[PDB]
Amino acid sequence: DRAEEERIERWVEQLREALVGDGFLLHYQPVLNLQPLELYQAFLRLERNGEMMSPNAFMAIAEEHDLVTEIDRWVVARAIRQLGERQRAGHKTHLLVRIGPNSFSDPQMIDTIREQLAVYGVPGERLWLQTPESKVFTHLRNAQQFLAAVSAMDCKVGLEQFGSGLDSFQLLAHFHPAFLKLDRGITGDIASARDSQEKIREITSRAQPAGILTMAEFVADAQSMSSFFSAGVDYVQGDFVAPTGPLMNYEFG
């Protein structure tokens, strides 16, 4: 297990070098209104010796070695720079960015948001931050504090992998997100299954009057796209809309 630990060590070193040396980059997936906005989701990549590496390569090591906090700060800072450059170039771009629960209590994350929005002159509304519902359940106080701190900048905070149980309804009484992205477990077979269609309607019929935007992901076909619209979902993303890529060249309208 010396060879293995040496492998782990070199990934950790590489991730540290990527933070210092700009070795990460972002790719972007368009997010389309069903019920409009220039909106993309940021996805992280690592440029390691001619390969455009996915986080499937390294995130497990990052989490084991407590590097996720710093990686999410890197992504948010890079995202705000992108929003700033896009604005300067005449584009009203919005980005959806991932943060994990360790960021909820990280003063450097709030500092990064506050300071980088300001220096690029980007209104907070352009930045949407998403975290998995599962992590809010287990870090509720800190999540509420994060929500309050970043909503003071007009940023949107929402939940991904959102479920359809009564635990979710209870959470919404205590945590008011700007948006909800449905877990793929609910939406996978929306085109061919009635119980999925009903879970989605239970969520949209509550979300809509509460002013909470709803979102579906991994949309793979036209029948699925067509069915989210019926159920009242606000936004959709997936390879059938457009795949992740390096450029923001989607024509939204």
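The first residue of the sequence shown is number 1, and the count goes up from there.
**OP:** Between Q35 and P36, determine how many residues of the deposited chain lack coordinates; answer none if the chain runs continuously, otherwise 1 to 3, 4 to 9, or 10 or more.
**Re:** Gap between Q35 and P36: 1 to 3 residues without coordinates.
Subject >> Higher-scoring stretch by recorded Cα B factor average, 60 to 68 or 223 to 231 >> reply: It is 223 to 231 that shows the higher mean C-alpha B-factor.
Subject >> 94 to 102 versus 134 to 142 - greater average Cα B-factor per the deposited record >> reply: According to the entry, 134 to 142 carries the higher average C-alpha B-factor.
Original post:
Between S54, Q41, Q197, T214, which one tops the list for C-alpha B-factor in the PDB entry?
Top reply: Most elevated C-alpha B-factor of the set, per the entry: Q197.
Original post:
If you rank the chain by CA B-factor, which third does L26 end up in: lowest, middle or highest?
Top reply: Within its chain, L26 is a lowest-third residue by C-alpha B-factor, going by the deposited values.
**OP:** Would you please rank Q108 by its C-alpha temperature factor against the other modelled residues of its chain and give the third it falls in: lowest, middle or highest?
**Re:** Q108: CA B-factor falls in the middle third of its chain.
**OP:** Can you work out whether the C-alpha temperature factor of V236 puts it in the lowest, middle or highest third of the chain?
**Re:** Its C-alpha B-factor, which the entry lists for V236, ranks in the lowest third among residues of this chain.
Subject >> Chain-relative CA temperature factor third for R184 >> reply: Middle third of the chain for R184's C-alpha B-factor.
**OP:** State the tercile, meaning the lowest, middle or highest third, of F169 with respect to the CA B-factors recorded for its chain.
**Re:** Highest third of the chain for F169's C-alpha B-factor.
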